[PDB]
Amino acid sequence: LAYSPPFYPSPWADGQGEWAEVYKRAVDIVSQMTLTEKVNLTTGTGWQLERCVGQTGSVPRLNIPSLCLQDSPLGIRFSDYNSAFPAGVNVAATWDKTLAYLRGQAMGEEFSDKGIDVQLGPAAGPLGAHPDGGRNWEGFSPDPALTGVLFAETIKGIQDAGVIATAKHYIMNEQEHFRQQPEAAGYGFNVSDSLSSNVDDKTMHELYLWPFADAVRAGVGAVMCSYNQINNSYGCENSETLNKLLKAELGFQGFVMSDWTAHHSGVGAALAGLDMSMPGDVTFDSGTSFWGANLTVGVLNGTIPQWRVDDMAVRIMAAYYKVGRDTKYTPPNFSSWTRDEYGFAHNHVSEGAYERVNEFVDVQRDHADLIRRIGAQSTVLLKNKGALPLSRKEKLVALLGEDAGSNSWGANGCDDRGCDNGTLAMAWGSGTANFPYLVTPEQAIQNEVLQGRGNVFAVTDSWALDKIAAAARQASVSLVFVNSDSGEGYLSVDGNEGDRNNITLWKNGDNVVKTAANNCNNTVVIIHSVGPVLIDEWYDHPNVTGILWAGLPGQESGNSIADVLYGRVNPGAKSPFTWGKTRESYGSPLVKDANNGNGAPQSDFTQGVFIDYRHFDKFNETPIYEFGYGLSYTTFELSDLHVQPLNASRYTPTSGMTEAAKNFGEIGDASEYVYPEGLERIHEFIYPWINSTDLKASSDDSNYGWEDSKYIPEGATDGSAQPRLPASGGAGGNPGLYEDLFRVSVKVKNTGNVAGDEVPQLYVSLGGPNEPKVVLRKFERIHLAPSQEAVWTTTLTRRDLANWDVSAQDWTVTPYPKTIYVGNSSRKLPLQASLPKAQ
C-alpha cells in the first residue's frame, strides 16, 4: 500500500509577506483568549444548528462573532434574492483574468451582504484528471496554468469584496466514487475507508499542487482539506500535504478547514495541520465532536501543545482581519434550512428563540448583467459553416431538445439541482445556488425572433423524435440544445453517483441532433455540459452547420446564448479541455470498483502530468477539438514572435531556521473550562466546555489515555525552531520562482470584418525525456477592431521553466533546451523560438 510519510511539527504562522500586520493583530487578540474561546473558533457548532452551512463558536467576551461559512463557488447556497453565476468551468472557457476577478468581486458582495464571512470556494481540486469526474465543472480546467491564474483572480475578487475565500478541495479528490465510506456503503459497496489517491512527488508539484501555490500567493485566507486519502492518509490529517506542502513549502498563513465530515480524529488531525472542524460534529448531529470538548481535553491533558491550538486561532483571526471582516461584519440575515420568515434559532432540534430567521435581503445588485456577459463570453464556437450569426430575418426557427426548455418543477425544483430536467444551467450537489429566476433558451430565442416576422416552434421533448423531425423539416434554422450532467457523490441522478457513468449526451441527445440534422440542412447544436461530451457521431454531419459549447451559464442562460447566436457578442471563448473521439482517448479511467478487497480502494496516478491534452499529445491521439481551440465571427493572424531575455537574479534555495513555537495567552486549571451552570445547553450543539474536571470522562473516547508514542508520530509535539525547506521562502514558494526570466511578445491582428476577441497562447517544451511536448504557460484575451493590430507581451518566470527535482526537494530549471510555441490553440502553434539559457 502507498505510504504517506510523516512531516512534523505543524508549521506555525509567522506573518510572512503581506500577512505581517494581520498576524500581529491576530496574536494580540488570541493572547487575550481563554482556552475554550480559542477552541470555539476551531470548531463548528454542529449540522443545521445555526444559520450557515458551517458556523464556528463565538468569542462574545472579546466582541468576536461566530464565523459564518457558506457554499458555493458559483453563488450563495440555500438562500434567497441572490444570483446564480456561471460555473467555474465557464470561467475557464473565457480564458479571461478580468472576468474571473469581476465574478469573484460580484460573488463576494452578495456573500458579504447576507452576513457571510467565508465563501466555500473557489475550486481547483478536482483539477480534472478524469473527464467523467463528477465535480470537475466546479473548478476550472485540467490545465494547471490556466486553472491557477483564474483560481487566483477569483480569490482576489472575493477577498477584495471583504469575504474570506476558501481554496478547495485540498487535495487529489479527482473523483466522487468512494470519497466517503458511508456514501460507498449506501451505494452497496463494503470498504473500510475512503479512496486513496496515490501520486508521486513530481506530479504533485508540477500538476495538482500548482494551482494551490497560486491561491496561496494570491493571499487566500482558507483552504478546505479533502474527503479522500492521499497515499492512504486522510486529506484532513495528511501531514505531508498540510504540514510539508501547504504550510512549510507554500508558506500558507491562513487556516485549513475540513470538508463536511472529512475530519477523522482530534489529536491526529490537529498535529497533522487541521485548523477548523466543520460542521463541528463527528457526524451530522451526533452531538459529539473530534474537537470541541475533545480539543479542550487534548490540550488540558498535555497531548496537544498549547502552541498548536493557539496557531489555529491565530491563522483564523489573521484571515478574518486580512479581508477586513472586522469592519464589514453583519449578522447572517437568512437561514440555510428554511425559506420561511420565522423559525427556531436552532433548526435541527427546534430549540432557541422562535424568531425572524429570513429578512429576504435583496443582494443581487446589477450582477445579472455580469452573469449574462460571462455566459456570452464563455460560449465556445466549435464549428460554423457560415450559419452564424443569425440575422433575425430567418423565416422559421425550430428550437429543439429538452435542454432548450423549462424545468417544470421550477428553476430550483430539484434539491441541490439534483436532476437534468429542462435547460442545464447549473450542475448538482453542494456547489450550487438557488436561482432568482432562469431564462431558458426557448424563452430568450423566441423573444428575439418575435421582434421580427419569424415564425418559431419549440419542441422540448427529447423523446418525441417524430415531433423534432417535423419542426426541423419546416425550419430555416434548427437550434438544437443538448446536455450532459454530473455532480457531488452524495447525490445520484439516474444511477450516476456524482461521477457520470458515460460522457455521452443525456436525454436522448445524440438522437435529437441526428433527427434534426437529417431533416434540416442548417442545424446548429448548442451543448450545456459539465465538461467534454462525445460528438464523433454527428459533428461532421453535412447539415450540422454550427456547434457551440455553453457550459453551465447560470440564471441568464437564454440571454447569453441569444447574444452569441444573433451576433451581439462575437464569441471568443476557447475550450478549457480536450474533445476526444472516445472515452478511451482520454485514458485516466475512474476507479468505479472496490479494487482493494474490503479495504480502501486505490487510485494510482500512473499517468503523471499527462492528463487531458498532455495525454492526447503523448499517445498521439488526435482530438476532434483540441484544448485551447475555438472559432470567431472574424479571423486573426499572429506574427512577429520576439523573445527578450531579462536581467534576473539567481535562484537561491532557501536555508536557515524558523522561530520556535510560541504560546499566546495562558491556560489555567481544568475547573476554569467546565460548563457554566446557568447556560441552557442546546441539544446537538457543539460547545468548547468540558462536563467536569475528569478529563477521560469529559472526552469519552473509549481509547483515551495512551502514551504518545503508541499513536502519534515523532516530532508532532516538537516546538523548537525547524529547518526551512529549499523550495520555501514566500507565499506560494521560494520568491526566486516568480522572478521574470523572459518577456515574450507577438503581434495579433484582426484580419476580418467584425470586432472580436482572440486568445493567443504561449506553450513551453521543458525538454528532456518524459516531459510533455508542450504545456500551457501564458495566455490573454485581446479585443480587436477589424484591421486592428496589437502586440501581446507576456512573461515567463523561473517557475514556468522549471521542473520539480525529487532529490534536491526543489524546483530546478533543467539543462535541457527549452522551446516556446505561440499560437491560438494547443495544436495551432505556427510560431516558435528556442530560449537561451536563463540565469
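The first residue of the shown sequence is 1; numbering continues from there.
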Averaging the C-alpha temperature factors as deposited, the higher value of 776-784 versus 34-42 falls on 34-42
Return whichever of 652-660 and 137-145 has the greater mean Cα B factor according to the PDB record.
652-660
Largest Cα B-factor, entry values, listed residues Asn598, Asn543, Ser560, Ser484
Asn598
Highest Cα B-factor in the PDB entry belongs to which of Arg356, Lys385, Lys156, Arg372?
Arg356
Please place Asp200 in the lowest, middle or highest third of its chain according to the CA B-factor in the PDB entry.
middle
Comparing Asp494 with the other modelled residues of its chain, is its CA B-factor in the lowest, middle or highest third?
middle
Lowest, middle or highest third - CA B-factor, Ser10
middle
Would the CA B-factor of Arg61 place it in the lowest, middle or highest third of its chain?
highest
Is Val822 in the lowest, middle or highest third of its chain when residues are ranked by C-alpha B-factor?
lowest
